[PDB]
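A.B. asks: upload32.pdb (PDB, C-alpha atoms) pasted underneath:
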```pdb
ATOM      1  CA  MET N   1       0.000   0.000   0.000
ATOM      2  CA  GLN N   2       0.969   3.641  -0.493
ATOM      3  CA  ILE N   3       1.599   6.026   2.381
ATOM      4  CA  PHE N   4       2.777   9.632   2.389
ATOM      5  CA  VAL N   5       5.616  11.232   4.335
ATOM      6  CA  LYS N   6       5.755  15.024   4.499
ATOM      7  CA  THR N   7       8.756  16.881   5.905
ATOM      8  CA  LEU N   8       9.022  20.402   7.330
ATOM      9  CA  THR N   9      10.792  21.740   4.241
ATOM     10  CA  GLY N  10       8.069  20.499   1.910
ATOM     11  CA  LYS N  11       9.220  17.124   0.555
ATOM     12  CA  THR N  12       6.288  14.721   0.321
ATOM     13  CA  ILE N  13       7.827  11.296  -0.280
ATOM     14  CA  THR N  14       5.551   8.364  -1.120
ATOM     15  CA  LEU N  15       6.361   4.964   0.356
ATOM     16  CA  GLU N  16       5.232   1.522  -0.758
ATOM     17  CA  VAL N  17       4.753  -0.392   2.474
ATOM     18  CA  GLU N  18       2.876  -3.225   4.155
ATOM     19  CA  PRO N  19       0.662  -2.897   7.271
ATOM     20  CA  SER N  20       2.971  -5.346   9.060
ATOM     21  CA  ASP N  21       6.135  -3.381   8.243
ATOM     22  CA  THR N  22       8.117  -2.017  11.183
ATOM     23  CA  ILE N  23       8.945   1.616  11.919
ATOM     24  CA  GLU N  24      12.590   0.618  11.483
ATOM     25  CA  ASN N  25      11.899  -0.741   7.993
ATOM     26  CA  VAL N  26       9.883   2.347   7.062
ATOM     27  CA  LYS N  27      12.733   4.606   8.188
ATOM     28  CA  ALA N  28      15.048   2.371   6.171
ATOM     29  CA  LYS N  29      12.900   2.895   3.073
ATOM     30  CA  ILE N  30      13.018   6.644   3.664
ATOM     31  CA  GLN N  31      16.806   6.343   3.902
ATOM     32  CA  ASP N  32      16.811   4.408   0.628
ATOM     33  CA  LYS N  33      14.676   6.948  -1.217
ATOM     34  CA  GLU N  34      15.691  10.271   0.360
ATOM     35  CA  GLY N  35      19.090   9.808   2.006
ATOM     36  CA  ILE N  36      17.968  10.730   5.510
ATOM     37  CA  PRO N  37      19.521   8.389   8.117
ATOM     38  CA  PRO N  38      17.000   6.564  10.378
ATOM     39  CA  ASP N  39      18.713   7.728  13.579
ATOM     40  CA  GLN N  40      17.924  11.303  12.537
ATOM     41  CA  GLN N  41      14.284  10.502  11.765
ATOM     42  CA  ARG N  42      11.345  11.400  13.986
ATOM     43  CA  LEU N  43       8.080  10.212  12.455
ATOM     44  CA  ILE N  44       4.715  11.577  13.557
ATOM     45  CA  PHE N  45       1.331  10.058  12.773
ATOM     46  CA  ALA N  46      -1.974  11.371  14.124
ATOM     47  CA  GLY N  47      -0.151  13.586  16.620
ATOM     48  CA  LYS N  48       1.947  10.775  18.080
ATOM     49  CA  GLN N  49       5.658  10.113  17.581
ATOM     50  CA  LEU N  50       6.316   6.619  16.234
ATOM     51  CA  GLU N  51       8.731   4.300  18.051
ATOM     52  CA  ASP N  52      10.928   1.340  17.104
ATOM     53  CA  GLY N  53       9.255  -2.014  17.726
ATOM     54  CA  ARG N  54       5.809  -1.197  16.388
ATOM     55  CA  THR N  55       4.232  -2.055  13.060
ATOM     56  CA  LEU N  56       2.302   0.372  10.875
ATOM     57  CA  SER N  57      -0.827  -1.520  11.906
ATOM     58  CA  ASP N  58      -0.026  -0.748  15.551
ATOM     59  CA  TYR N  59      -0.731   2.918  14.781
ATOM     60  CA  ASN N  60      -3.783   2.155  12.630
ATOM     61  CA  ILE N  61      -1.863   3.493   9.625
ATOM     62  CA  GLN N  62      -4.025   2.644   6.613
ATOM     63  CA  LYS N  63      -3.726   3.087   2.852
ATOM     64  CA  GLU N  64      -2.796   6.633   1.806
ATOM     65  CA  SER N  65      -2.118   7.680   5.392
ATOM     66  CA  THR N  66       0.024  10.795   5.789
ATOM     67  CA  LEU N  67       3.010  10.705   8.136
ATOM     68  CA  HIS N  68       5.194  13.686   9.010
ATOM     69  CA  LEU N  69       8.983  13.623   9.116
ATOM     70  CA  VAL N  70      11.051  15.836  11.406
ATOM     71  CA  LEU N  71      14.791  15.463  11.984
ATOM     72  CA  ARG N  72      15.929  15.369  15.611
ATOM     73  CA  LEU N  73      18.245  18.177  14.505
ATOM     74  CA  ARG N  74      15.512  20.801  14.308
ATOM     75  CA  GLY N  75      14.113  20.541  17.829
ATOM     76  CA  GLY N  76      10.495  20.936  18.885
TER      77      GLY N  76
END
```
Please go through the file and, once you have read it, give me the structure as structure tokens.

C.D. replies:
Amino acid sequence: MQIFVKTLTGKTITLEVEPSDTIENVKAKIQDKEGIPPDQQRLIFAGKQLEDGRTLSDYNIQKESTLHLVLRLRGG
């Protein structure tokens, strides 16, 4: 399924993922497509920061869900 990942500086990168995929694997795909290292990735879905160990299904992330990417560099 397709999901969307928007960053602060625009950049809306589409990912082809499975509901059972891990946050680690998603970050890895982002690193494969964009060049942003996983350790510098903070993902937010539905107002909650995603953590290692979960699946996309653990956050009820469905088809064409929109995630938001923020580097740990730019604080919040």

A.B. asks: Write out as a ChimeraX atom specification which residues come within 12 Å of residue 26 in chain N when counting all atoms listed in the file, dropping same-chain ones fewer than 2 positions away.

C.D. replies: /N:2-5,13-24,28-34,36-38,41-43,50-56,67,69

A.B. asks: For residue 44 in chain N, which residue out of N:6, N:74, N:68, N:11 is the nearest one, using all atoms listed in the file?

C.D. replies: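 So, comparing all the options, the nearest one is N:68.
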
A.B. asks: Ranking N:40, N:9, N:25, N:60 by minimum distance to residue 73 in chain N and counting only C-alpha atoms, which one comes first?

C.D. replies: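 Checking each of N:40, N:9, N:25, N:60 against residue 73 in chain N, counting only C-alpha atoms, the winner is N:40.
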
A.B. asks: Would you compute the distance between CA of residue 76 in chain N and CA of residue 12 in chain N? Give it in Å to one decimal.

C.D. replies: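 One can read the CA of residue 76 in chain N to CA of residue 12 in chain N distance as 20.0 Å.
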
A.B. asks: Quick one, how far is CA of residue 62 in chain N from CA of residue 75 in chain N?

C.D. replies: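 Going from CA of residue 62 in chain N over to CA of residue 75 in chain N, I get 27.8 Å.
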
A.B. asks: Mind giving me the straight-line distance from CA of residue 71 in chain N to CA of residue 46 in chain N in Å, one decimal?

C.D. replies: 17.4 Å

A.B. asks: Which residue, N:8, N:57, N:48, N:39, has the smallest gap to residue 72 in chain N when you use all atoms listed in the file?

C.D. replies: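 Selected residue with least distance to residue 72 in chain N: N:39.
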
A.B. asks: Quick one: axis-aligned box around all listed atoms of range 28-44 of chain N, 4 Å on every side, centre and edge lengths in Å to one decimal, written as AutoDock Vina command-line options.

C.D. replies:
```
--center_x 12.1 --center_y 7.0 --center_z 6.4 --size_x 22.8 --size_y 17.2 --size_z 23.2
```
